[PDB]
Amino acid sequence: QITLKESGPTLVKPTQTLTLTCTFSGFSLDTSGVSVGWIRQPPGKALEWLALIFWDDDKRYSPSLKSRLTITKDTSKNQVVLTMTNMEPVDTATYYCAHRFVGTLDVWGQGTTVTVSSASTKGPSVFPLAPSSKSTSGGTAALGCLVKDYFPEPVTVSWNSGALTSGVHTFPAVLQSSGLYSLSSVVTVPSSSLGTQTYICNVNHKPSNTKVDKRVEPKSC
Amino acid sequence: XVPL
Amino acid sequence: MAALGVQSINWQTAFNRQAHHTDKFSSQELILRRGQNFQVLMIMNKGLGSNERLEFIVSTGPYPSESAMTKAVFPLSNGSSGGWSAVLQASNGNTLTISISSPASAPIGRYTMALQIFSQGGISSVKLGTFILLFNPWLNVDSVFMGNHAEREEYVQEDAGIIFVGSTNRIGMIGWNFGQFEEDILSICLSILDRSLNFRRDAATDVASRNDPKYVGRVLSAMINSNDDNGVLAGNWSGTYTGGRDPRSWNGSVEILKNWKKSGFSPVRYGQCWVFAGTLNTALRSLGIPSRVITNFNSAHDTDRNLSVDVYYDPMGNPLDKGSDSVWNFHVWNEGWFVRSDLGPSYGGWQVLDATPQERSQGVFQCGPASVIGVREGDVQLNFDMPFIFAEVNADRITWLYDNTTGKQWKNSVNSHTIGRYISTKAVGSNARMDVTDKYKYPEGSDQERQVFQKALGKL
Amino acid sequence: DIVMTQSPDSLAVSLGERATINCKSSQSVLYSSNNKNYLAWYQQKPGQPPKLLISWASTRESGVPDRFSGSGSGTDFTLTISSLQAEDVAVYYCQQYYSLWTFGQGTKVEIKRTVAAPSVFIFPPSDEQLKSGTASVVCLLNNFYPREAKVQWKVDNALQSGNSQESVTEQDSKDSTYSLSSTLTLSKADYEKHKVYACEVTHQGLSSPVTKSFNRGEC
Ligand SMILES: [Ca+2]
Ligand SMILES: [Ca+2]
Ligand SMILES: [Ca+2]
């Protein structure tokens, strides 16, 4: 199988210079006829192709963006680098790298999100949403974690270290008026289980290097 | 006299 | 009593034509070669007084002039001069024995000769006659000099020859009657020069340029094909030869050139490469340019000046129908023998001339001369048409990959030796095939052969 | 140069029905030399990058179910899903690679299914958060269809405004419904002053509003 992973600064202040790095495995950018490319997707918008480098270091850019862009590869490290200048909030988006051979762009990274902001980092705190009589119904109780006041985005949330995936809802984040993010994850479980079985939510905010494990503890009221 |  | 005038002149035609090696043409005319003197007997009405003067006048073409070297005025003399001259060898009563010589740089063609006499304080002027003047390959100072006698007899005086044909697998031959000596043919070939574009647009300059075999040679490469100028032959490779003769039905030049003349200089239908090459060979040998016929198997037609025959594919394998580049099973052209004062001492000898209309050159279907030596050394920035002719004998066949999305293309394979094989001309004295491949290029597979190809690619 | 225009813009089919999605091109994307159509179709699930379904207009990528088929030539193309499964809900993009790369705006595809009121659950602020000196109260709407819902808060029967934010999930891949969360955000001061906290819920499936309440207390 092929896989690709993007990497670089999540936050980036206006009129600066974004540098992203694609690391890939399961082909060689030294093979004749092979290319790697970048695409970005602004929040709620269409995908935009940005650039592309070949095995022999021929290159192509979006004509509209050519003046801002730079693409390099380091074929020793299986890596390709992207350089966009003068980052404005308009350019806040999710940024993907992709493999190309003979077809179109067939295999895409997971994508890293890039925020263009003067604000500073902030790590969240993690309050529980305990299950009570007032979140039960029909032998189904609802519990959850509230991840409040972080920046920038992203934040990942897991349940029982991924052991629980069924009936989990992790809502999108909301930008609070305070200028920080906050989001909630909730899972519905049986009432029977609440007594016997444990529920821990697993929170990770990388920009700020926060890793919390909050156990949600069944309330009796 | 002919094209290949 | 009476003033000095000419009674009659004996041109001693038989004798002079033998000495000038023009004795084989079927013609009553005085045919001469430049540089070499000829002897005439001039019978006057009296002896020469030591107060009187005789002046000779020669002119060629419609606007002759001293400055352009197409008219000359020269006294009867004892001194041999540099240019045109007339030497008095003996007087015997009224009869003068005179030796006349032409410069080795004189324009070839038809000339008129007149004599102007200054006597009894008066001036008279009478036309003596006309002659033809050709290139002189027996003369060490002429640009067309060919010193070896066997080679000269083949490449000038031999009126029948052999053209190689077919493909690499199966080389064959056909007889061809050049027929330069048959009635009216020398005359027709001279006609040709008087019907070029060059001549139609500036006759005076064209005729002055007829001293130069590079010029005469290239004019011929144009005028032997119909394109542009109503020249001799019209090519047809359609396979359907309605309204004329199948190219495979000609056996020599004589019918062709005669049919051209007889139709009032209307193109003759139809020819292919060997038919052009054979007809051009007649013209060259007629005028005194030693020449031969060259055949090339797997001959490249490059149509975009990159020294390669390009085939195109998508990166998935499907073939893209792009490019014009092609390759013939065989092609035939000519080489003519002369020094190249325009190029340098190292570039004389055989020069490619091609009358087959393949590519245009300064807007006209013409081709050459190209130093064969030059082509071999990859010196393809030189005159004339050296990129085309390099491709012919030593193109690389390249398969290209083309990515439509990005418009990138790149080399896929290179075949550096399939082009230009078994390059062939008739043997001196026999009908054997000489290979001259190694005269056109360095040995396939060698280092030097690749380093020239490179040199040449950078000379574009 | 080349502009990619999808239709419709969005689409709800019943489970197991045919879903059709169209794409038009500014110009022909058919290369005359190989007679191949340089068009592609992607699928994008929520929280994931796009996955390539179909190159060359019609050839389907290794591993893609047979129910996804691509048709068309020149400038008009069509992506057909023969029997729509609950897990096919996503945004389908068309793309041209005749001349560099441009995409369609995208088409959203959802399961049409029965109406289905929300279940409302409520979550008092945490003791751990009262110490911080704000108080977040949380109303949860769980598994409703369709999407459109409304939450208002009353606190001691006072309608709120300017102190609450909502967030909605995309459609599920199993029961094919939505969930929504409302957070009312107070100073500890004020969450201290009042007694009766209630969210109040509007949906298609309800004939009047549903309230779910708690009074502050140990119970
Ligand atoms: Ca012509
Ligand atoms: Ca070419
Ligand atoms: Ca070669």
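Radius of gyration (Cα atoms) of chain D, expressed as a multiple of 2.2 N^0.38 Å: 1.39. Here the spin labels are modelled as points 7 Å beyond Cα on the Cα-Cβ line, and at D:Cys219 and A:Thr17 they lie 6.8 nm apart.
With point charges of +1 on the Cβ of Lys and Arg and -1 on the Cβ of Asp and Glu, referenced to the Cα centre of the protein assembly as shown, which listed residue (A:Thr83, C:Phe38, C:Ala14) lies farthest in the positive direction of the dipole? Working it through, the farthest residue towards the positive pole turns out to be A:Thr83.
Computed from backbone phi, the HN-Hα couplings of region A:175-184 come to 6, 6, 4, 4, x, 9, 8, 6, 8, 9 Hz, rounded to whole numbers (Karplus: 6.51 cos²θ - 1.76 cosθ + 1.60, θ = phi - 60°; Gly and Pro given as x). Relative to the longest principal axis of the C-alpha atoms of chain C, give the angle of the C-alpha long axis of helix C:447-457, reported between 0 and 90° and rounded to the nearest 10°. The helix C:447-457 is inclined about 80 degrees to chain C. Which stretch or stretches of region C:369-402 have amide N atoms under 11 Å from the point lying 7 Å from C:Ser416's Cα along the Cα→Cβ direction? Once the point is set 7 Å along Cα→Cβ of C:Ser416, C:396 turn out to lie under 11 Å by backbone N, inside region C:369-402. For region D:2-49, the extents of the C-alpha atoms along the principal axes are 42, 24, 19 Å, listed from largest to smallest.
Counting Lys and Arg as +1 and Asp and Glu as -1, each charge on the Cβ, what is the dipole of region C:1-85 about the Cα centre in debye, to the nearest 20?
Numbers: 7 positive and 5 negative charges, 31 e Å.
In debye, rounded to 20, region C:1-85 gives about 160.
Computed extension length for C:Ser167-C:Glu29: 45.3 nm, one decimal, from 0.36 nm per residue of separation with the Cα-Cα distance subtracted.
Taking amide hydrogens as placed 1.01 Å from N in the peptide plane, the amide H of C:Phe338 sits under 5 Å from those of C:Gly349, C:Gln351, each at least 5 positions away in sequence or on another chain. Centre-to-centre, using Cα atoms only, region D:128-197 and region C:118-156 are separated by 117 Å. Along region A:78-92 the Karplus relation, 6.51 cos²θ - 1.76 cosθ + 1.60 evaluated at θ = phi - 60°, assigns HN-Hα couplings of 6, 9, 9, 10, 10, 10, 10, 10, 6, 4, 10, x, 3, 8, 6 Hz to successive residues, with x for each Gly and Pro.
Largest first, the extents of the alpha carbon coordinates of chain A on the three principal axes equal 67, 40, 29 Å.
Charges were assigned to the Cβ only: +1 to each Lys and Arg, -1 to each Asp and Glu. The resulting dipole of the protein assembly as shown about its Cα centre is roughly 1020 debye. Computed from label points 7 Å out along Cα-Cβ, the spacing between D:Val196 and C:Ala14 is 15.1 nm. Each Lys or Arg adds one and each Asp or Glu takes one away; over the other residues whose Cβ falls under 14 Å from the Cβ of C:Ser324, this sums to -3.
Neighbours of A:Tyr199, meaning other residues whose beta-carbon lies under 9 angstrom from its beta-carbon, give a summed charge of 0 when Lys and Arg score +1 and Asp and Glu score -1.
Rounded to the nearest 20 debye, the dipole size of chain C about its Cα centre is 700 debye, using +1 on the Cβ of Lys and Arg and -1 on the Cβ of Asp and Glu. Distance from the Cα centroid of region C:181-210 to that of region D:1-77 is 70 Å (rounded to whole angstrom). Amide H to amide H distances under 5 Å link A:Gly111 with A:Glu6, A:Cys97, where only residues 5 or more positions off or on other chains count and H is placed in the peptide plane. Computed from backbone phi with θ = phi - 60° and the Karplus coefficients 6.51, -1.76 and 1.60, the 3J(HN,Hα) list for region A:210-216 is 9, 10, 10, 10, 9, 7, 9 Hz; x is used for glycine and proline. Between region C:301-330 and region C:217-246, the alpha-carbon centres lie 27 Å apart.
Within region D:99-204, list the GluC sites (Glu not before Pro) lying in a DSSP loop whose Cβ has at most 14 other Cβ atoms in a 10 Å radius. Spell out each step's value before the answer.
On the way: sites: D:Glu110, D:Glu128, D:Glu148, D:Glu166, D:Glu170, D:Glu192, D:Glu200; in loops: D:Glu148, D:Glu170.
Passing both the DSSP loop test and the Cβ count: D:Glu148.
By the compact-protein rule of thumb, 2.2 N^0.38 Å, the alpha-carbon radius of gyration of region D:122-219 corresponds to a ratio of 1.14. Taking amide H as placed 1.01 Å from N in the peptide plane, the amide H of A:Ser32 sits under 5 Å from none that are at least 5 places away or on another chain. Rounded to the nearest 10 degrees, the inclination of helix C:213-223 to the longest alpha-carbon principal axis of chain C is 60 degrees.
Using Cα atoms only, what is the angle between the long axis of helix C:273-287 and the major principal axis of chain C, expressed in degrees (0 to 90) to the nearest 10? In chain C, helix C:273-287 runs at an angle near 20 degrees to the longest axis. Comparing D:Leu180, D:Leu11, D:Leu206 in a Gaussian network model of chain D where C-alpha atoms under 10 Å apart are linked, the largest mean-square fluctuation is found at D:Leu206.
Laboratory data are not the source of any read-out in this text; all were calculated from the coordinates shown. Reconstructed Cβ throughout: ideal geometry from the backbone, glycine too, with neighbour counts over all protein chains shown.
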